[PDB]
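Visitor: Here the UniProt record's numbering runs 70 ahead of the position in the sequence shown, where the first position is 1.
Pasting in a structure now, in structure tokens, and then I'll have a few things to ask.
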Amino acid sequence: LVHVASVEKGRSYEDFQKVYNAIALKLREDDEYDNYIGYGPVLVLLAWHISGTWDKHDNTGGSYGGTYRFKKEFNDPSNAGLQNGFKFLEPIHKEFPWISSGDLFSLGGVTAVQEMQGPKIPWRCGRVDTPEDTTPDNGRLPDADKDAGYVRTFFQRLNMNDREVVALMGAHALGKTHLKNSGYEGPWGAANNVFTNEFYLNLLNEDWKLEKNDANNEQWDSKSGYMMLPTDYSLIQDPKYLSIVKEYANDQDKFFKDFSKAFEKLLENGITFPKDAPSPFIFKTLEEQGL
Ligand code: HEM
């Protein structure tokens, strides 16, 4: 398929900055969610899940179509718990009905990251809602109970290299696993609603113990009360992965830069931007605007 970005008719930067501010103010306000973690983390997960269905082989899936809006994709077992990010954005969509779904879903991710003190993520508008028949079949999102080979192989479908895989996974610093959703339980660290390189430090510095949880799945448990999925853990089992983990554990800046690039790339996979298309926008945070 060819997916050409098409700017929402007559909208500019300022229009988008308003959508951004709307999400950000709601993030600030609905702070009681998930025991006071807030919605930030679920939004980031939602932006990754709508983008992660992409197949570099036939150009299907990815964020373009806003297909998560369809039952098929919405009811993907792997998307369990995302309905919360969805209901968070609805009221927003209602307020700015001209924005396409794909644009909204992906912007929430950017907004969440930036408002949780992460790096600035350049964003591009132009995703166009596609018909329900362009909805990708379930089973394109990765399993958690695998090793580094699985991960490398998987990520290759999305065109991501080692560096990109490790950068993107540092997103695990945010939120936590929910038994009910995924069959895994516990956060990855302490500051789970602030974007930092905590993930890498926990990985390197905790004394991880393999145990089975109440869903009868194996997870790495630390005495600090943290957990790591087998897929997380595999970042230290693979030699190529481990040196990158180390780099990030050592330099939060480097990690921020790598994440930034990788995240935008993830969100733009499968989209063709005509040369006349506007440059990537860099939204200001509420704080930068004095709001
Ligand atoms: C091997 C690849 C990955 C696997 C197997 C994986 C698996 C999971 C699982 C099982 C959960 C818990 C869901 C729940 O029970 O609520 C989760 C949560 C999360 N995922 Fe990952 N993930 C992967 C990659 C990513 C990437 C690339 C990102 C973004 C860059 C990401 C962002 C998140 C966030 C922010 C959460 C926490 C959400 C919350 O607190 O509701 N994950 N992931």
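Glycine included, each C-beta is placed from N, C-alpha and C at the ideal position.
(1) Can you grab the Cα-Cα spacing for the pair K345 / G131, in whole Å?
(2) Tell me whether the region 95-115 and the region 77-86 touch, counting them as touching only if at least three CB pairs, one residue from each stretch, are closer than 8 Å.
(3) Please work out which residues of its chain come closer than 6 Å, Cβ to Cβ, to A75, disregarding the five sequence neighbours upstream and downstream, and give them in chain order.
(4) Take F225 and list the residues in its own chain whose beta-carbon comes closer than 6 Å to its own, dropping the five residues that flank it on each side.
(5) Can you list, in chain order, the residues of its chain with a C-beta nearer than 7 Å to that of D101? Leave out the 5 residues immediately preceding and following it.
(6) Specify whether the region 289-299 and the region 257-273 touch according to this definition: at least 3 beta carbon pairs, one from each stretch, less than 8 Å apart.
(7) Please return the same chain residues whose Cβ sits closer than 7 Å to the Cβ of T204, not counting the five positions on each side in sequence.
(8) So what's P161 in DSSP terms, helix, strand or just coil?
(9) Using the rule of at least 16 other Cβ atoms within 10 Å of the residue's Cβ for burial, across every protein chain shown, is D128 buried or exposed?
(10) Determine contact between the region 256-266 and the region 212-228, defined as no fewer than three beta-carbon pairs at a distance below 8 Å.
(11) Cβ of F333 versus every heavy atom of the ligand HEM: is any distance shorter than 8 Å?
(12) Between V236 and the ligand HEM, is the CB less than 8 Å from at least one heavy atom?
(13) Where does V183 sit, in a helix, a strand or coil, going by DSSP?
(14) Does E317 have its Cβ less than 9 Å from a Cβ in chain C?
(15) Report the option in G240, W193, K282 and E276 whose CA atom is closest to the CA atom of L249.
(16) Rounding to the nearest angstrom, what Cα-Cα distance links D199 and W278 in this structure?
(17) May I ask you to list the residues that DSSP assigns as paired with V221?
(18) Start and end of the alpha helix (DSSP H) containing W118?
(19) Tell me where the beta strand (DSSP E) around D291 begins and ends.
(20) Indicate, with yes or no, if the ligand HEM has a heavy atom lying under 8 Å from the CB of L299.
(21) Quick check on the burial criterion: 16 or more other C-beta atoms within 10 angstroms. Buried or exposed for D323?
(22) Here's a check: name, in chain order, each residue in its chain whose Cβ is nearer than 6 Å to the Cβ of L238, leaving out the five neighbours to either side.
(23) What is the rounded straight-line gap between the Cα of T123 and the Cα of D328?
(24) How would you label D173, buried or exposed, when you count the other beta carbons within 10 angstroms and need 16 or more for buried?
(25) Does the distance from the CB of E268 to the CB of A243 come in under 9 Å?
(26) Confirm the yes/no value for this check: CB of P189, any heavy atom of the ligand HEM, distance under 8 Å.
(27) Strictly by DSSP, which residues pair up with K282?
(28) Which residue or residues does DSSP assign as beta-bridge partners of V235?
Guide: In brief:
(1) Position 275 of the sequence shown, counting from 1, holds the residue named residue 345. Position 61 of the sequence shown, counting from 1, holds the residue named residue 131. Computed Cα separation, rounded: 23 Å.
(2) Below 8 Å, too few C-beta pairs join the region 95-115 and the region 77-86 to call them touching: fewer than three.
(3) The residue you call residue 75 lines up with position 5 of the sequence shown. Only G196, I341, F343 and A347 meet the Cβ criterion.
(4) Numbered from 1 along the sequence shown, position 155 holds the residue referred to as residue 225. Excluding sequence neighbours, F225 sits near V235.
(5) Numbered from its first residue, the sequence shown carries residue 101 at position 31. For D101, where only same-chain residues beyond five positions count, the Cβ hits under 7 Å are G108.
(6) yes
(7) Counting from 1 along the sequence shown, the entry for residue 204 is found at position 134. Excluding sequence neighbours, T204 sits near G135 and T137.
(8) Within the sequence shown, numbered from 1, the residue matching residue 161 stands at position 91. Residue state, collapsed to three classes: helix.
(9) On the sequence shown, position 58 is the one that residue 128 refers to. The residue is exposed, with fewer than 16 neighbouring Cβ atoms inside 10 Å.
(10) no
(11) Translated into the one-based positions of the sequence shown, residue 333 becomes position 263. Correct: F333 has its Cβ closer than 8 Å to the ligand HEM.
(12) Within the sequence shown, numbered from 1, the residue matching residue 236 stands at position 166. For the ligand HEM, not one heavy atom lies less than 8 Å from the Cβ of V236.
(13) By one-based count along the sequence shown, residue 183 stands at place 113. Correct three-state label for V183: helix.
(14) Chain labels in this structure do not include chain C; a single protein chain is all it has.
(15) For the purposes of this step, residue 249 is taken as the residue at position 179 of the sequence shown. With distances taken between Cα atoms, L249 lies closest to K282.
(16) The residue given as residue 199 occupies position 129 in the sequence shown. The residue given as residue 278 occupies position 208 in the sequence shown. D199 and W278: Cα-Cα distance of roughly 44 Å.
(17) Taking the first residue of the sequence shown as position 1, residue 221 is located at position 151. None; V221 has no bridge partner.
(18) Indexing the sequence shown from 1 puts residue 118 at position 48. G110 to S121 is the extent of the alpha helix (DSSP H) around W118.
(19) Taking the first residue of the sequence shown as position 1, residue 291 is located at position 221. Where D291 is concerned, the enclosing beta strand (DSSP E) stretches over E288 to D291.
(20) Residue mapping note: residue 299 aligns to position 229 of the sequence shown, counting from 1. Yes, the ligand HEM has a heavy atom inside 8 Å of this Cβ.
(21) Walking along the sequence shown from the start, residue 323 turns up at place 253. So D323 counts as exposed.
(22) Looking up residue 238 in the sequence shown gives position 168. Closer than 6 Å at Cβ, skipping near neighbours: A332.
(23) Within the sequence shown, numbered from 1, the residue matching residue 123 stands at position 53. Within the sequence shown, numbered from 1, the residue matching residue 328 stands at position 258. Their backbone Cα atoms lie some 22 Å apart in a straight line.
(24) Position 103 of the sequence shown holds residue 173. Buried: at least 16 other Cβ atoms inside 10 Å.
(25) Mapped onto the sequence shown, residue 268 falls at position 198. Mapped onto the sequence shown, residue 243 falls at position 173. Their beta carbons are under 9 Å apart, which means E268 touches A243 by this criterion.
(26) Counting from 1 along the sequence shown, the entry for residue 189 is found at position 119. No, the Cβ of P189 stays beyond 8 Å of every heavy atom of the ligand HEM.
(27) The sequence position of residue 282 within the sequence shown is 212, counting from 1. In DSSP, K282 forms a bridge with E288.
(28) Here residue 235 is taken as the residue at index 165 of the sequence shown, counted from 1. Partner(s): none; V235 has no beta bridge.
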